[PDB]
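What follows is a set of notes on a single structure, which appears directly below.
Chains as they are written, first to last, in PDB author numbering: chain e, 39 to 76, 78 to 133; chain a, 33 to 133; chain b, 24 to 101; chain f, 24 to 101; chain g, 15 to 117; chain h, 35 to 123; chain d, 32 to 123.
Laid out in structure tokens, this is it:
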């Protein structure tokens, strides 16, 4: 048995819009932050700082992807493409 | 025997010429008296019997012209992304939506 | 109806300055509506500032403060 | 090279939360670049605040102040 | 003698000091704050004016006009970032045409 | 009062044989006012976050570093440091 | 060391608008953030206005002007009504 392409996609869309948990794994994100924080060598961090960074990053990515989807739909496409992101960031003023 | 006319410009040529002509210059593009009347009319809805300064209206006209110019600049990009030459209201709505208006 | 005073060729002129080659027939009304909304907001703020200042005349500095409040700083009318 | 730790399943889940049905294969690098730029800006501001504060440890309030500086205004961390 | 002469600047230190002490920013001000701020303002002004003059000479003109300021600011990578949300009266825009419209 | 004469004195040092219109002068006046307000407000915030009464050259430098872009900020800091050094020496 | 908060006041409000309803600690923190944010916005706008008209004193008039400028739609109307009612009752 197989679910037709896109059905499980909608199922995931629903379930992940219902849920409120984080999507990015904490350890990779912490390693990324502590790597790109090397600005000032030998730094120390409060955990809440990394949690707020993760929250803000996931929120920003979600907000960006929403406009990406809007653009792709405007282009009469289902699949999003990098040009859609570029257009979104161009109009957004970045 | 008649008077033959030479020819007709290919469409879009004079449009591009106007594009350059109006991008080179820096002037007010909106009829001033109609604009003043419109501002007065819409201001009447907030406080009766008001009075304006000439500069206060010039500033409004400047800001409006700049805002519209930016809006059209984004809308043209939207239309191009849609693989269209003509500009459509849906493009304007998309521009406003993405911009956050 | 002074909104009709914003002529069709005037909107074409603004578009030409923006870099638009071909204009659809409904762009003009949509632009009229947009401009109406924008002017309504700015004027509302400006009249608010005036009434707080107890003035009856609307100074240009009030327009400047309103545009700043919206987030569009204007240089020249200071 | 810890930017590769933002895995394809993670980006796909984020997109799903965004309401995307079909994802191209080239989205992930662009997403990685954008995330890197955003994090770099925020972290630069946070480190600036920390250095001014004369602190070894970067506090959460500093992250909040940077986000407020850039116009995000995160709630829930003081 | 004037503090500007001591600091070797051109903008007035004293007026900046009075504005700081008058604009309700804090309870106290250090002696060095106004001088530093004046130096920064002078540097920024000099940069803007230099680019403006270069823009003016590029068009065979001797008087700087708002269009020249617009061209100078927008034709720079960092100043545009600094003045992204500023509208200059009688400034106009940058001439550019999308490549998909030219024949 | 305004910064007009000071702008002139600056202008003549980087371009001797040139002029500037009154509208440009007003635009520059607005720009000076705007940058001053931005920097001052940022310094006032910074002085509040550390609960300190006084705004110092360090505070202004922090604000400048936060506000300006890099290559510009570096030169700004250098000029300010040179000026404040000459002020005492 | 002791620190100020708004928790008890928010809880008292909630017990007035929902006699049977609990609120989580995260929610309480968010509410504190919101209260602080709105207070800062209104206060800063009031100071800016007070500076525009060269006034040493920020009075209820400036606060009302700030609120009117800052809140959209009927919410501003109700806010003004509530503030005026509270002040009027305060005087008597």
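Each residue gets a CB set at the ideal place from its N, CA and C atoms; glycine is no exception.
Contact check between the region 38-53 of chain h and the region 67-80 of chain g: three or more CB pairs, one atom from each, fall below 8 Å, which counts as touching. Residue 80/b is bridged by DSSP to 83/a. Counted as a single uninterrupted DSSP element, the beta strand (DSSP E) harbouring residue 97/b occupies residues 96-98. Under the three-state reduction of DSSP, residue 54/b is assigned to helix. Three or more beta-carbon pairs separated by less than 8 Å link the region 120-127 of chain e to the region 50-69 of chain f, which places the two stretches in contact. Taking 8 Å as the cut-off, the Cβ atoms of residue 75/f and residue 96/h count as close. One alpha carbon belongs to residue 61/a, the other to residue 53/h, and they sit about 28 Å apart. For residue 102/g, the enclosing beta strand (DSSP E) covers residues 100-102. At a C-beta separation below 7 Å, residue 76/b has these neighbours in chain d: 84. Remark: C-beta atoms of residue 126/e and residue 39/a do not approach each other more closely than 8 Å. For residue 66/e, the enclosing alpha helix (DSSP H) stretches over residues 64-74. Chain-ordered, the chain a residues with CB closer than 9 Å to the CB of residue 112/g read 108, 109 and 112.
Contacts between residue 91/b and chain a, judged by CB atoms closer than 9 Å, are missing: the closest CB pair is about 11 Å apart.
Residues of the same chain with their beta carbon placed closer than 6 Å to that of residue 103/a are lacking, with the five preceding and five following residues left out of the count. Any Cβ of chain g closer than 8 Å to the Cβ of residue 61/b would place that residue at the interface, and such an atom is absent. With its beta carbon at least 8 Å from every one in chain d, residue 41/f lies outside the interface.
When 66/b, 26/b and 100/b are compared, the shortest CA-CA separation from residue 67/a is found for 26/b. Against residue 79/b, the close residues of chain a are 81, 82 and 83, in the order they occur along the chain (beta-carbon pairs closer than 8 Å).
Among the CB atoms of chain b, none fall inside 8 Å of the CB of residue 59/g. Contact between the region 81-99 of chain e and the region 75-84 of chain f is present: 3 or more CB-CB pairs across the two stretches fall below 8 Å. The three-state reading of DSSP puts residue 53/h in strand, counting E and B together. Annotation for residue 48/h: the continuous alpha helix (DSSP H) segment containing it runs 38-48. Against residue 71/f, the close residues of chain h are 96, 99 and 100, in the order they occur along the chain (beta-carbon pairs closer than 8 Å).
Neighbours of residue 68/f in chain h, taken as residues whose beta carbon is under 9 Å from its own, are 100 in chain order. With a cutoff of 8 Å on beta-carbon distance, residue 118/h and residue 28/g are scored as not near each other. For secondary structure counted as the alpha helix (DSSP H) over 4 or more consecutive residues, the region 49-117 of chain h holds these complete runs in sequence order: 56-83 and 91-101.
In the DSSP assignment, residue 54/a falls within the alpha helix (DSSP H) that extends over 45-56. With respect to residue 100/a, residue 130/e sits apart: the two C-beta atoms are not nearer than 8 Å. Contacts with chain g at 8 Å (Cβ-Cβ) include residue 96/b.
In this structure, residue 120/h places its C-beta atom within 8 Å of the C-beta atom of residue 22/g.
Against chain f, the CB of residue 39/d has no partner CB under 8 Å away; the residue lies outside that interface. Per DSSP, the continuous alpha helix (DSSP H) segment holding residue 30/g begins and ends at 27-36. Between residue 62/b and residue 74/a, the CB-CB gap stays under 8 Å.
Listed in chain order, the non-local C-beta contacts of residue 96/g below 8 Å within the same chain number zero, local neighbours out to five positions each way being set aside. Burial check for residue 54/b: the Cβ neighbour count within 10 Å reaches 16 or more, so the residue is buried.
Identification of residues in the region 47-74 of chain h having a C-beta nearer than 8 Å to some C-beta of chain g yields 47, 48, 49, 51, 52, 53, 54, 55, 57, 58, 61, 62, 65, 66, 68, 69, 70, 73 and 74, given in sequence order.
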